[PDB]
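Novice: fold the following.
(3 chains)
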Amino acid sequence: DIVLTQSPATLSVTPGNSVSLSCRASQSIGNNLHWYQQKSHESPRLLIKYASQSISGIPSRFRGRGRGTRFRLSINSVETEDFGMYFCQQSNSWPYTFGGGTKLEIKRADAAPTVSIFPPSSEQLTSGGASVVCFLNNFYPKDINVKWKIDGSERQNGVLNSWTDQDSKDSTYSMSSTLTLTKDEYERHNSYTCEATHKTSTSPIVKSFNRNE
Amino acid sequence: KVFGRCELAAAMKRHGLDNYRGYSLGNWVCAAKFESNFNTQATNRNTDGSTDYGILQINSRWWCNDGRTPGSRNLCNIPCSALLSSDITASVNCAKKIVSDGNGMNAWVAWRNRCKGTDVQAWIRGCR
Amino acid sequence: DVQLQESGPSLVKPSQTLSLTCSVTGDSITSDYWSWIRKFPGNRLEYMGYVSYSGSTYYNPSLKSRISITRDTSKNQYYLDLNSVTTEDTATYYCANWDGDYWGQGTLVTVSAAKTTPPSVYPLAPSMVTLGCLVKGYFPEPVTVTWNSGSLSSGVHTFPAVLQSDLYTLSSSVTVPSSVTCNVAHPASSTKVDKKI
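Specialist: Numbers count the residues shown, from 1 in each chain, chains lettered A, B, ... in the order given. Coordinates below:
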């Protein structure tokens, strides 16, 4: 059982620069190391086979180097489409083992979140519903913080957050935040505020749903 | 191209065949010697109507597609032309697949008859 | 050319047996070696096993005692059997060829004693205008959410589902010109819901 350790685990690159990814083996594996790319919503994609051999179609900016116990995948002039996880695999001994991965993130110009707040649906309100949704879309860098304040007063107990990885169109991130309440609670208060703190803004980005108004 | 003992040995160690799935380099040098006499363009026709191609005489009914063996299983998913090159790349990748089966290097008759049970390191001793 | 499709349960009960099927179209299964690989939640890939031309089957020592890879030439398919499954065997399973250039789409398998739950679908409406769709309270994963049967896809953001004890909640956004249906499907409960604005 060969152990493969990959390093670094996450790297952020400005498009146009070169990167090198390292895969170390616990025992000599000759040239029997393969490199794969996995993006979002996609099965692993073989990029390099037997550790320097090219694959038809794969950009020549991908290079494989190494033999023995230390190997490397180089991406010269990294482009926007090279975001993803990168895995190394050995085939010299059974069981065939993998590495832990290297996530590549593409650096981009800052983008402000497009915030949209949605009231609880009447269909939801018919049950113990009362769940206000906030969509923060198409923003970079990843650093974001969202606070829900219902009538001016913060609440963080009923909040559920989810976020997407870099998008295949603009290399940005997106987020959903859901404040789940009970219909009683929702009807008793009136204002609902979604606050965001990003690098693109100097004071919080607020989007509010006023039941009264 | 015709290879030398030490030349083939070195190339096969650069192609990571030393201890691939447990088989030392000597095994591959021995097999190649008694299968093609280190000839990269060796071809042998069989009863099937198939052809053996390359340094390791890889069959076209099972491992490669030539367009001349119908019903080939093309287990190495390669054209047989690539096994007739002066570059041993394709022959090596295909032999790695052949040996990754449970039969191992018992898919090469030469190996079974002339290398199994012998000091195959003798085929690399002398080479540096 | 070969096209690969994994098929099997999305929820398996602990201590029971996992069964998967890799259907192969385009070329016979006698034209390659075929393998099974899984990716655990931590993005950790494990090569589970492969079958060769002679019928030799190679199994990961870690799972050797519980794994069986079988073939059916009659149907052009091969199968995976993992016995004594536990909650740590929850993962995405991929069938692929030994060359590693042809992969399947992946099949998510959750190993849990939790019970299947259909999803509740709610609409979300108030330059460009943004609409949404909340798929709340379901098990197991996954669900598929598209907009107008996938025609509206460039401006769609479906968010990965977050677990709440026993149920999953998911959101999906769609951005449309000023100038619309949300289609949600849960295979494990065979529910298909369409909701408009």
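
Novice: show me the contacts for the residue in chain B positioned nearest to chain C.
Specialist: Proximity of chain B to chain C (Cβ to the nearest Cβ) peaks at residue B:102, 2.6 Å away. In short, each C-beta sits where N, CA and C put it, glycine included. Remark: with contacts taken as Cβ atoms under 8 Å, 6 or more residues apart in numbering or on different chains, residue B:102 is in contact with C:52, C:54-56, C:58.

Novice: just the buried ones out of the residues you listed, please.
Specialist: Taking 16 or more other Cβ atoms under 10 Å in any protein chain shown as the criterion, what is buried in the contacts of residue B:102 is C:52, C:58.

Novice: just give me the neighbour total for residue C:92.
Specialist: Using other Cβ atoms under 10 Å in any protein chain shown, residue C:92 has 18 neighbouring residues.

Novice: next, the contact list for it, please.
Specialist: Neighbouring residues of residue C:92 by Cβ under 8 Å, 6+ apart: C:38-39, C:106-109.

Novice: quick one: which of the residues you listed is nearest chain B?
Specialist: Chain B has its nearest neighbour among the contacts of residue C:92 in residue C:38, at 20.2 Å by Cβ to the nearest Cβ.

Novice: what's the closest non-adjacent residue to the closest one?
Specialist: residue C:91 (4.3 Å; Cβ to Cβ, 6 or more residues apart in numbering or on different chains).

Novice: now stretch A:15-24, how far from the centre of its chain.
Specialist: Remark: stretch A:15-24 is offset 19 Å from the chain centroid, using Cα atoms, centre = their mean, to the nearest Å.

Novice: quick check: buried residues in it?
Specialist: Buried residues in stretch A:15-24, defined by neighbour count with 16+ other Cβ under 10 Å: A:19, A:21-24.

Novice: can I assume residue C:59 is in contact with residue C:46?
Specialist: No: taking Cβ atoms under 8 Å as the definition, residue C:59 is not a contact partner of residue C:46, at 11.6 Å.

Novice: so the two - more neighbours on which side?
Specialist: residue C:59 (20 against 17).

Novice: which ones are touching the residue in chain A positioned nearest to chain B?
Specialist: For chain A, the residue positioned closest to chain B under Cβ to the nearest Cβ is residue A:30, at a distance of 2.5 Å. Contact criterion Cβ under 8 Å, 6+ apart gives A:67-68, A:92, B:13, B:15-20 as the residues in contact with residue A:30.

Novice: what residues does chain B have near chain C?
Specialist: Applying Cβ under 8 Å from any Cβ of the partner chain, one finds that chain B approaches chain C through B:62, B:73-75, B:77, B:97, B:100-103.

Novice: tell me who's in contact with the spatially most central residue of chain A.
Specialist: Central residue of chain A (Cα atoms, centre = their mean): residue A:165, 2.7 Å from the mean position. By Cβ under 8 Å, 6+ apart, the contact set of residue A:165 is A:40, A:83, A:173.

Novice: name the SS class of the first one, please.
Specialist: Secondary structure for residue A:40, judged by DSSP: H, G, I helix; E, B strand; the rest coil, is coil.

Novice: which strand residues bridge residue C:110?
Specialist: With DSSP bridges applied, residue C:110 shows beta-bridge pairing to residue C:11.

Novice: re the thing from before, out of the buried residues of stretch A:15-24, which are inside strands?
Specialist: Mapping these onto strands (DSSP state E) picks out A:19, A:21-24.

Novice: TSV for those residues, including distance to residue B:29?
Specialist: Rendered in TSV, the data for those read as follows (distance: Cβ to Cβ, whole Å):
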residue	distance to residue B:29
A:19	39
A:21	34
A:22	32
A:23	29
A:24	29
